[PDB]
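> as a preliminary step, the opening chains of the complex are given here in situ:
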Amino acid sequence: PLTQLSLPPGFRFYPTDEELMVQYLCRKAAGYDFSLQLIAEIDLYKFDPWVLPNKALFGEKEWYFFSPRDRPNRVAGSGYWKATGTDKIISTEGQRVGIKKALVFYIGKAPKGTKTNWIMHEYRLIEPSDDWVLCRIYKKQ
């Protein structure tokens, strides 16, 4: 799924925050198509993070996904995800287009759960008062 790219050796996906927003988040959302499906659709909140890697179509230490947008410490699998730091803003050409928000997995039942090195980055579209978020998943260290 990375292969028929014939990618030369040494080349990897190191998208900027802005590309994930524009080339990934926008493309899917206006519902326009991709040459290849690279970032698969998944329901991220049905799972333990550690099984997630197997479901992403490419990636060694980061895996990326699309998940239905929520309509807080949202439970997922055997645990719950806790929001961290100050959710951050993505800009392009002086327009705010998205928020990148970080998470940490706690296993268990809140707020007595135990922290892991499992991380999620949730990208979301900025918007006014086919609805997805884009998530980077990885395990720290």
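Happy to help now that I have it. Numbers count the residues shown, from 1 in each chain, chains lettered A, B, ... in the order given.
> could you export stretch A:64-79 as CSV, CA atoms only?
Extracted as CSV, the C-alpha positions of stretch A:64-79 are listed here (Å, rounded to 0.1, in the frame of the first residue of the first chain):
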residue,chain,number,x,y,z
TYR,A,64,-2.7,7.9,10.9
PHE,A,65,-6.5,7.7,10.9
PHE,A,66,-9.8,9.2,10.1
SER,A,67,-12.6,9.0,12.7
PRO,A,68,-16.1,10.2,13.0
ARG,A,69,-16.3,13.6,14.7
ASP,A,70,-18.0,13.6,18.1
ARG,A,71,-21.6,14.8,18.1
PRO,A,72,-14.5,14.5,26.8
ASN,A,73,-12.2,11.7,28.4
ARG,A,74,-14.1,9.9,25.7
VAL,A,75,-13.9,6.3,26.6
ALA,A,76,-12.2,4.0,24.1
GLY,A,77,-11.7,0.4,24.8
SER,A,78,-10.1,-0.6,28.0
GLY,A,79,-9.3,3.0,28.9
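> relative to the whole chain's centre, how far out is it?
Chain-centre distance of stretch A:64-79: 10 Å, with Cα atoms, centre = their mean, to the nearest Å.
> and if you look at stretch A:23-35?
15 Å.
> do the same with stretch A:15-28
Average the C-alpha atoms of stretch A:15-28, do the same for its chain, and the two points are 11 Å apart (Cα atoms, centre = their mean).
> may I see the buried residues of that stretch?
Using 16 or more other Cβ atoms under 10 Å as the test for burial, stretch A:15-28 gives A:15, A:17, A:20, A:21, A:22, A:24, A:25, A:26, A:28. Where you see a C-beta, it was placed from the backbone N, CA and C, and this is true even at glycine.
> include this sequence as chain B:
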Amino acid sequence: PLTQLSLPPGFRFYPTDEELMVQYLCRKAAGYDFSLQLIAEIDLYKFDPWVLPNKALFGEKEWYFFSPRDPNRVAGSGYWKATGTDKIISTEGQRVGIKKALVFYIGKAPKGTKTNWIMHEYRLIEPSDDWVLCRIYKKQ
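Take a look at chain B, now in place beside the chains above:
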């Protein structure tokens, strides 16, 4: 030199220390297609690094070169000064290369003032074509 490859958005050139040594540097001696065509042969030490960005086949805040394998070798109005700890690069538990850090100083040694231009000089572990591969970028 990128657009023949038909890249999906988001892909950039981020080779590991282990790949530059293994997939790039040794392979140059071996004649590989994608490796011959992706990095410019250039003598880094005939130039000021800030002339160098224009001499790279592509690149955004970093550039890579092969330069003839040869201390504080003069280049332009300065000299490249080694910094930090030379690193041993290993592949599959076998040692293949060494990573060396450098900083560009302007003026005449050792009375130069340090600048933000940086070099990483990588060489293979092997006895006496014969190149080092260098990354150039500007800090901060």
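> same question on the buried residues of stretch A:15-28, but with chain B included?
A:15, A:17, A:19, A:20, A:21, A:22, A:23, A:24, A:25, A:26, A:28 (16 or more other Cβ atoms under 10 Å in any protein chain shown).
> in chain A, which spans are helices?
A:17-19, A:27-29, A:52-55 (DSSP state H).
> list the contacts of the last one.
It refers to helix A:52-55. A:40, A:42, A:44, A:47, A:59, A:63, A:65, A:137 (Cβ atoms under 8 Å, 6 or more residues apart in numbering or on different chains).
> what bridges to the last one?
When bridges are taken as DSSP bridges, the partners of residue A:137 come out as residue A:63, residue A:120.
> touching, it and residue A:62? I think so.
Yes. Under the criterion of Cβ atoms under 8 Å, residue A:137 makes contact with residue A:62 at 6.7 Å.
> okay, the two: which has more neighbours?
In this view residue A:137 and residue A:62 are compared by other Cβ atoms under 10 Å in any protein chain shown, and residue A:137 has more residues nearby, 26 against 18.
> so what's that one up against?
By Cβ under 8 Å, 6+ apart, the contact list for residue A:137 reads A:44, A:49, A:52-53, A:56, A:62-65, A:118-121.
> any of these buried? List them.
For the contacts of residue A:137, a neighbour count by 16+ other Cβ under 10 Å gives the buried set as A:44, A:49, A:52, A:56, A:62, A:63, A:64, A:65, A:118, A:119, A:120, A:121.
> hmm, the fourth one is touching residue A:63, no?
Yes. Using Cβ under 8 Å, residue A:56 is in contact with residue A:63, at 3.2 Å.
> what segments of chain A are strands?
Applying DSSP state E to chain A gives strands spanning A:11-13, A:62-68, A:75-76, A:79-92, A:95-107, A:114-125, A:132-139.
> let me see the residues that make contact with the first one.
Yep, that's strand A:11-13 we're talking about. Against strand A:11-13 from outside (Cβ under 8 Å, 6+ apart): A:58, A:59, A:64, B:10, B:11, B:12, B:13, B:14, B:15.
> then chain C, please:
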Amino acid sequence: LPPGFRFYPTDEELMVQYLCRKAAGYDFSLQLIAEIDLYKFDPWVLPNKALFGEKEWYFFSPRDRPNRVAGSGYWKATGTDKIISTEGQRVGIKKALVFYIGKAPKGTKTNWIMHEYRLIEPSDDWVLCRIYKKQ
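This next block brings in chain C, placed alongside the chains you saw above:
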């Protein structure tokens, strides 16, 4: 009294050497922690009423037998009220407050803080309060 030296009582001393002494009604060599009715005041006038202290002032106030109004505002309880122990016996609770100015719950927060120490007890009655302004 000598230099470089300041009152940095542990939670436990305030409970034992301060709260207990006054409550069994035993006396002090000097009155250090004055009696005041803390709930009659704006926190910012309080500093002038304490007998010593540069950024923390301590007081004793009659014990209540919630967002208790005081002056131009109301005090809002915060965090999880905490327990003081000595030699394995629970003797007190330290409870933190923040001053809101105005009328609850639409008042506005300040950096004015109270720490209220109270005696643990079974199912001449005082609390001990640390006052300070944050930052």
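> could you re-examine the buried residues of stretch A:15-28 with chain C now present?
Across stretch A:15-28, burial judged by 16+ other Cβ under 10 Å covers A:15, A:17, A:19, A:20, A:21, A:22, A:23, A:24, A:25, A:26, A:28.
> what is the burial count for the closest residue to the last one other than its chain neighbours?
In this case it means residue A:28. Once flanking residues are discounted, residue A:28 sits nearest to residue A:132: 6.0 Å by Cβ to Cβ, 6 or more residues apart in numbering or on different chains. Counted with other Cβ under 10 Å, the neighbours of residue A:132 add up to 19.
> spit out the contact partners of residue A:132.
Taking Cβ under 8 Å, 6+ apart, one finds A:25, A:28, A:29, A:41, A:66, A:67, A:68, A:69 in contact with residue A:132.
> now which of those would you call buried?
Here, 16+ other Cβ under 10 Å leaves A:25, A:28, A:29, A:66, A:67 buried among those.
> what is the burial count for the residue lying closest to the first one once chain neighbours are set aside?
Spatial nearest neighbour of residue A:25, excluding adjacent residues (Cβ to Cβ, 6+ apart): residue A:134 at 4.9 Å. Neighbourhood size, residue A:134 [other Cβ under 10 Å]: 24.
> so residue A:134 touches residue A:23, yeah?
No. Residue A:134 is beyond contact range of residue A:23, at 10.5 Å (criterion: Cβ under 8 Å).
> what's the closest non-adjacent residue to residue A:41?
Residue A:41 sits nearest to residue A:66 (Cβ to Cβ, 6+ apart), 4.9 Å away.
> I'd say the one you found and residue A:133 touch.
Yes. If you go by Cβ under 8 Å, residue A:66 and residue A:133 touch, sitting 7.0 Å apart.
> give the contact list for residue A:94.
Counting by Cβ under 8 Å, 6+ apart, residue A:94 touches no other residue.
> next, it: phi, psi?
Torsion angles at residue A:94 (phi, psi; degrees, to the nearest 10) stand at phi 70, psi 10.
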